[PDB]
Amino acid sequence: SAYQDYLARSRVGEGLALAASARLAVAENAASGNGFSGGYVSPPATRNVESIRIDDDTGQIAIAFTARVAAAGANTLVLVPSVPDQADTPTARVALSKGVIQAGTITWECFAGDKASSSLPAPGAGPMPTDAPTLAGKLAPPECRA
């Protein structure tokens, strides 16, 4: 229902905002050439957010929501980071490189379970999720959907 969608979308937006902590940790680790999850301590679990985790190799962030939001196995949204292939007039986006000092701006793309391709402006597509998200797109902000 539209009302049920409202409850879920509001709670999913809160989870995305709580994941700013992970986006910062990934940026700090990228700036030092460290594994992307190194030193990251996620905020306390809430009634809506079960966990926020970082993939140490790619910097992908996975947000798992509680049953108040979505059923288990259909409850995970992912954010994928990328950087331009070169800072000045890039021709493409690339995944982060573990171990490399990368201090430029990271672009984060949100993927819900229905989103089958990257949709970003120039310089174009970013990487796809490492671990597939499972949250229904209708419960996530529009930038996460197919």
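Residue positions are given as counts along the sequence shown, with the first one as 1.
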property	result
Residue stretch of maximal mean CA temperature factor, 55 to 63 vs 83 to 91	83 to 91
Stretch with the greater mean C-alpha B-factor as recorded in the entry, comparing 133 to 141 against 19 to 27	133 to 141
C-alpha B-factor winner, where the candidates are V41, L120, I106, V78	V41
Position of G33 among the chain's modelled residues by C-alpha B-factor, lowest, middle or highest third	middle
Position of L96 among the chain's modelled residues by C-alpha B-factor, lowest, middle or highest third	lowest
Assigned third (lowest, middle, highest) for the C-alpha B factor of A45	highest
